[PDB]
Novice: 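Take a look at this one; I'll ask things after.
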Protein chains: 6
Amino acid sequence: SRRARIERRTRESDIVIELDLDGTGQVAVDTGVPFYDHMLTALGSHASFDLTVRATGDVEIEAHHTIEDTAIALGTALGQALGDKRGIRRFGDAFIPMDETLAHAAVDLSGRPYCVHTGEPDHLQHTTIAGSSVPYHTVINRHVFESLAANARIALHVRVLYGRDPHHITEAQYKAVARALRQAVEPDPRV
Amino acid sequence: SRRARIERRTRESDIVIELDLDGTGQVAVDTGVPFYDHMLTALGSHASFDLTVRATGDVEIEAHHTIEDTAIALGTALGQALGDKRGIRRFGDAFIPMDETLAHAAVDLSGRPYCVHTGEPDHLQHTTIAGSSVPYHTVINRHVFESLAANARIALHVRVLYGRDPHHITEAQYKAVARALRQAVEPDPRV
Amino acid sequence: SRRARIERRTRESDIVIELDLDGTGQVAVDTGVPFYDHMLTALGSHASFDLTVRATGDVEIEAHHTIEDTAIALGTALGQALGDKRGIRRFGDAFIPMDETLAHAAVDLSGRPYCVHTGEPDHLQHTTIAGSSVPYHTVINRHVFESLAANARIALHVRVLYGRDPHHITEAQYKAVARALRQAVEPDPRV
Amino acid sequence: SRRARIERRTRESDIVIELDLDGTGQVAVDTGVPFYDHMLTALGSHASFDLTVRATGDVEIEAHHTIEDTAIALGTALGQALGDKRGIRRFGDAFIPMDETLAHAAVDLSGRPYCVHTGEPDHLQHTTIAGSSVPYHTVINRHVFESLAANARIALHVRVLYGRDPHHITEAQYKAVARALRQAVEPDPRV
Amino acid sequence: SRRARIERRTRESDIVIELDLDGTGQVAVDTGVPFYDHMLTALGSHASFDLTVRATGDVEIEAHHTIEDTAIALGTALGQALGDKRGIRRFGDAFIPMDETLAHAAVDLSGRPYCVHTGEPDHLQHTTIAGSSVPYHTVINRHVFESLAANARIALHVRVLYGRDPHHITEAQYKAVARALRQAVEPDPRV
Amino acid sequence: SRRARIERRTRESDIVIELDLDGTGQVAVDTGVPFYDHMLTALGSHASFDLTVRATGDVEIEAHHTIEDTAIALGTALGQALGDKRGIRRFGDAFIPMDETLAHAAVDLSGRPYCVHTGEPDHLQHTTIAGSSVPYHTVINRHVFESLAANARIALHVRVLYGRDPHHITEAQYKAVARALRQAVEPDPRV
Ligand SMILES: O=P(O)(O)OC[C@@H](O)[C@@H](O)c1cnc[nH]1
Ligand SMILES: O=P(O)(O)OC[C@@H](O)[C@@H](O)c1cnc[nH]1
Ligand SMILES: O=P(O)(O)OC[C@@H](O)[C@@H](O)c1cnc[nH]1
Ligand SMILES: O=P(O)(O)OC[C@@H](O)[C@@H](O)c1cnc[nH]1
Ligand SMILES: O=P(O)(O)OC[C@@H](O)[C@@H](O)c1cnc[nH]1
Ligand SMILES: O=P(O)(O)OC[C@@H](O)[C@@H](O)c1cnc[nH]1
Ligand SMILES: [Mn+2]
Ligand SMILES: [Mn+2]
Ligand SMILES: [Mn+2]
Ligand SMILES: [Mn+2]
Ligand SMILES: [Mn+2]
Ligand SMILES: [Mn+2]
Ligand SMILES: [Mn+2]
Ligand SMILES: [Mn+2]
Ligand SMILES: [Mn+2]
Ligand SMILES: [Mn+2]
Ligand SMILES: [Mn+2]
Ligand SMILES: [Mn+2]
Ligand SMILES: [Mn+2]
Ligand SMILES: [Mn+2]
């Protein structure tokens with residue numbers, strides 16, 4: 001009903017997105033960038049989407065291109081699956097506490113494409129989250145939310161009220177966008 | 001059931017308000033102040049009210065008196081239609097992104113009359129929104145929310161988190177009050 | 001179903017808590033600290049809990065010990081009654097206007113124990129709310145929210161956006177925690 | 001062996017102190033000032049003294065005189081019970097965390113009478129801890145430590161590294177003095 | 001006598017902790033995060049615990065989850081092994097110089113769960129300690145001490161008085177917690 | 001058992017040190033610099049060393065050379081007497097109140113040579129302590145602690161928390177190093 005399959009094949013990467021807005025958190029994400037996988041799994045789960053994301057890109061250079069193309073593809077999927085947007089809440093927002101962190105997101109689904117990202121501590125502009133694989137530079141967080149908003153054609157405002165740990169600060173934001181989405185996407189029993 | 005008809009006839013103006021709290025956004029507003037009409041149409045629509053507003057006043061002087069009397073009348077209608085206020089959510093709030101702007105409103109419907117309006121950029125104290133008709137001075141925004149809160153006898157807190165365009169800044173606030181209202185006015189399945 | 005009875009007997013005090021998460025605001029609180037009684041009655045009521053709190057302690061010293069033990073016991077009750085936490089909203093938040101005051105609370109019920117309390121004016125660190133009985137020092141507000149979060153094992157973020165009156169500032173916070181709780185505790189029709 | 005009984009009868013008050021340095025925390029304190037009782041019970045207990053304090057004074061005026069005379073008497077008892085001070089550690093110190101508070105105390109038992117009290121937040125100069133009885137003004141904390149040091153004829157340095165709650169800030173200090181005392185008073189197996 | 005075995009199996013990780021408070025520094029730690037292994041080996045050794053820690057987690061994402069779960073499990077073990085806490089010193093503290101660094105830790109074992117971490121230079125919020133394996137982001141230090149304190153249900157105050165090298169700054173803190181623990185955990189010959 | 005005899009013959013001075021770590025404060029110090037004698041007598045006594053120091057140098061120039069050579073020799077003695085350092089506490093620290101002054105010292109005996117000296121008031125960089133004999137310039141305090149740490153091959157951190165009198169400020173530091181030493185040097189019943 002509200003589903004979309006998006007294939008995005010660029011020089012730098014290969015993306016397949018399968019999205020059902022009216023899901024139960026059946027989410028599977030593999031991008032070659034494990035922390036990104038973790039963030040997108042949280043987003044799909046907490047938005048109660050069913051979501052598959054398969055992506056392979058030029059991670060030898062760094063995660064940037066793959067992360068960006070994936071977000072673009074995902075935003076495109078979101079718009080398509082939304083369709084005419086009639087009968088929905090339209091607006092949604094959510095606060096996410098995560099230990100010391102508090103993040104917030106608000107959305108207007110029928111609003112024009114726009115992203116405002118504020119409150120993220122300055123050290124996240126040069127912070128790396130690294131494991132045994134391809135690392136994630138948190139400076140990309142903004143890029144993701146902008147790409148997503150621009151291709152879903154929605155208004156997305158993401159705020160960090162405060163926080164210290166970069167993992168918490170980032171996950172809380174992704175989760176906040178997710179629940180904001182979940183709320184806004186739901187059928188509105190009055191309109 | 002939760003309806004009210006208010007007629008307010010002063011030296012400066014003539015107002016008729018017809019309000020149904022449990023509506024579907026059937027809204028018709030004509031005050032002689034087209035931007036005000038636009039704001040009140042948004043308020044009624046996004047609050048899921050059914051709302052008629054017919055007003056004629058001394059617009060040769062400026063919109064102030066008509067805008068004020070209308071808000072007073074509308075607040076009075078809101079209180080009357082609310083009645084004993086039993087069984088309702090009581091509290092409501094809403095975030096409204098509008099391009100670069102983010103506005104918020106929170107309400108307590110059984111709280112004592114009170115309005116706090118904060119965060120609006122200083123240039124809105126002397127900004128005019130002008131078209132082919134009677135203009136709207138944004139400095140009035142505050143006046144409207146205060147008049148509304150005082151006559152509905154509710155607690156109304158309106159915030160602009162940030163914003164640049166005066167049209168966006170104002171509409172986002174009106175819309176925020178609307179959805180806050182809509183939430184608070186709804187029947188609460190537990191109380 | 002989601003109920004708990006907690007008895008907490010220390011050197012300083014004696015506490016009995018009876019808690020039903022799925023209640024209708026049937027609340028009875030007696031701690032020897034009337035303003036605390038007032039705050040906890042508001043918390044239980046606005047959270048739509050059914051709640052009994054009977055407590056006797058060393059109020060000759062001051063309210064601190066009794067207030068603290070009670071909050072610990074109450075948090076313990078909340079955790080127990082929550083049980084495995086499956087099927088619930090998990091996240092909740094609420095804004096509470098109270099005349100000039102605006103307070104907010106956000107919760108993550110499956111999050112790790114954590115409390116962040118911010119925005120409370122400095123004069124509440126040495127303010128007393130006094131009547132004909134045992135007085136309440138508002139500096140304790142923080143202590144209460146921390147104790148509650150630590151023993152329910154949840155993430156609790158409480159904010160005062162602004163305010164002047166200490167009674168309003170405190171009640172608005174207690175009420176905000178209550179509605180945040182109420183939301184987060186509710187069954188989620190999708191998970 | 002290291003015991004002392006002190007009776008101090010002034011215009012303002014009546015004090016009896018019974019002190020055994022080599023005790024097990026058998027402590028009983030009654031001054032008419034319940035919070036003071038609580039602080040002195042903690043001091044005796046954590047210092048592993050056996051301690052009886054019976055005091056009646058002019059509490060209609062306020063606790064000051066009684067609190068002061070008691071501390072003087074207690075310091076006098078400490079000196080007497082110490083006697084020639086041979087064979088002891090002489091020096092002692094202790095850190096006391098108490099939730100958000102951290103306090104410290106260091107002592108030189110054979111040093112000349114001296115007290116330095118630092119780091120206590122400014123609002124404790126006008127803070128009251130009040131219950132159902134005679135209240136305790138925290139501004140007195142300093143007075144107590146000075147009186148104690150002057151009459152035991154020792155060097156006593158009390159610090160608050162940080163803290164917020166006045167009950168915690170005060171109790172942590174009393175407890176810190178207690179454990180510092182306990183350490184310094186102990187027989188030194190080398191001297 | 002004072003031992004505990006804790007198994008903690010989450011989505012993100014698998015932890016087994018074996019803890020004897022009354023040990024001789026027989027410590028074996030393997031978490032997949034070699035620097036963490038180094039820190040926990042120092043903690044167990046300097047606390048004179050006997051300690052086994054076996055942990056496997058989602059280090060492809062980064063060390064965070066594994067580090068956190070391990071600390072939670074370890075804190076839980078500490079509490080269990082502590083049992084009723086009767087007859088012990090209760091309080092402990094230790095200074096650790098490490099070349100240019102000076103760190104301190106103080107504990108109250110019967111105090112309520114609480115952690116205050118202060119004095120760590122700002123560049124440790126975005127510093128990485130990297131070798132041939134999974135890296136360690138020092139921003140996590142705080143997270144570890146908080147998790148540990150919350151699950152052992154103790155008061156833990158960790159301070160860096162000063163320091164420059166992140167390895168020294170971190171190890172000195174872990175070692176300080178260890179010796180503070182060791183002291184506080186010991187049988188008290190007077191209580 | 002843990003003893004050392006050091007003879008240090010330079011152009012500027014002649015030093016003989018006899019050191020027993022496991023002593024009873026049998027101390028005799030003669031350097032031609034009476035205040036230095038006083039400081040070293042305090043150090044040996046409060047460290048419970050047995051210590052003989054005989055030194056003659058070029059005091060016509062000033063005390064510097066003799067004070068320095070003596071400290072070097074003493075540090076060398078400390079290291080030698082320490083030997084393999086097995087079975088000892090390793091870490092030690094001590095607070096020394098002295099009227100208005102509070103000083104602290106912490107040591108790591110198996111740590112690499114390092115000295116950090118902080119908190120000493122600026123006027124001690126040009127202060128003289130003078131009597132009927134060769135004077136002592138307090139600026140040398142630092143030099144002494146550095147020389148001592150470098151030749152004993154230990155980590156020595158000396159702090160003045162506060163103080164006014166240069167005699168007190170200096171003696172408190174020497175005494176603090178002494179008790180820190182005494183603690184760290186003692187046999188550890190667990191390692
Ligand atoms: O909190 P959640 O259960 O949604 O997620 C698991 C959580 O343990 C993990 O994502 C995380 C916790 N702290 C940083 N990352
Ligand atoms: O965004 P809405 O569809 O609620 O409203 C129409 C919108 O295009 C218009 O009100 C507006 C857009 N920017 C300023 N004003
Ligand atoms: O506002 P409520 O009806 O939830 O509560 C009664 C209210 O009148 C009282 O609690 C109060 C009003 N101002 C300070 N305290
Ligand atoms: O922490 P202790 O057990 O020494 O003391 C009891 C404690 O619960 C009480 O004195 C207190 C706790 N917070 C303020 N006062
Ligand atoms: O100082 P210890 O012997 O406890 O630890 C060995 C030490 O050489 C090593 O842990 C280290 C030294 N500097 C940074 N790390
Ligand atoms: O305080 P002690 O007994 O360790 O030392 C004697 C003391 O009287 C003397 O060293 C001194 C006192 N004030 C400055 N110097
Ligand atoms: Mn890009
Ligand atoms: Mn907000
Ligand atoms: Mn995570
Ligand atoms: Mn007007
Ligand atoms: Mn418009
Ligand atoms: Mn407390
Ligand atoms: Mn009230
Ligand atoms: Mn006095
Ligand atoms: Mn207390
Ligand atoms: Mn975490
Ligand atoms: Mn210190
Ligand atoms: Mn190391
Ligand atoms: Mn030199
Ligand atoms: Mn002297």
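Each chain gets a letter, A, B and so on, in the order its sequence line appears, and its residues count up from 1. Basis for what follows: all heavy atoms, side chains included, without hydrogens, waters or symmetry-related copies.
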Novice: What's the shortest heavy-atom distance between A:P34 and E:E60, and which atoms?
Specialist: CB-O, 3.3 Å
Novice: Drop me the distance from E:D58's CG to A:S133's OG, to the nearest 0.5 angstrom.
Specialist: 12.0 Å
Novice: Whether the E:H143 and A:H168 side chains hold a donor-acceptor pair (N or O, under 3.5 Å, no angle test) is what I'd like checked.
Specialist: yes
Novice: At their closest point, which heavy atom of E:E68 faces which heavy atom of A:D99, and how far apart are they?
Specialist: OE2-OD2, 4.5 Å
Novice: Does a sphere of radius 6.0 Å around CZ in A:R5 hold more than 12 heavy atoms from other residues, nucleotides or ligands, not counting ones at 6.0 Å or beyond?
Specialist: yes
Novice: To the nearest 0.5 Å, how far apart are CG in A:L124 and CD in E:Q125?
Specialist: 10.0 Å
Novice: Working to the nearest 0.5 Å, report the span between CD1 of E:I61 and CE of A:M39.
Specialist: 7.5 Å
Novice: Show, in sequence, the C-alpha distance, side-chain angles and deciding distance for A:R164 and E:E146, and conclude whether the salt bridge (charged side-chain N to carboxylate O under 4.0 Å, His left out) test is met.
Specialist: CA-CA 13 Å; A:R164 182 182 177 279; E:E146 282 170 340; over 6 Å; no
Novice: Quick one, A:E100 with E:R142, criterion side chain to side chain contact (heavy atoms under 4.5 Å, CB included). Give me CA distance, side-chain angles, the key distance, then yes/no.
Specialist: CA-CA 11 Å; A:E100 87 304 335; E:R142 178 105 100 212; over 6 Å; no
Novice: Between E:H123 and A:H123, is there a side-chain heavy-atom distance shorter than 4.5 Å?
Specialist: no
Novice: Is a side-chain N or O of A:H126 found less than 3.5 angstrom from the main chain of E:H126, in a donor-acceptor match?
Specialist: no
Novice: Looking only at heavy atoms, what is the nearest atom pair of A:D165 and E:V139, with distance?
Specialist: OD2-CG1, 4.0 Å
Novice: Quick check on E:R112: does its CZ atom have over 12 non-hydrogen neighbours (other residues, nucleotides or ligands) under 6.0 Å away?
Specialist: yes
Novice: Is it the backbone or the side chain of A:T138 that comes under 4.5 Å from a heavy atom of chain E, or both, or neither?
Specialist: neither
Novice: Any idea how A:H167 and E:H64 line up, ring-wise: parallel (<30°), tilted (30 to 60°), or perpendicular (>60°)?
Specialist: tilted
Novice: Could you pull out the closest heavy-atom pair between A:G131 and E:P135, with the gap in Å?
Specialist: O-CD, 3.7 Å
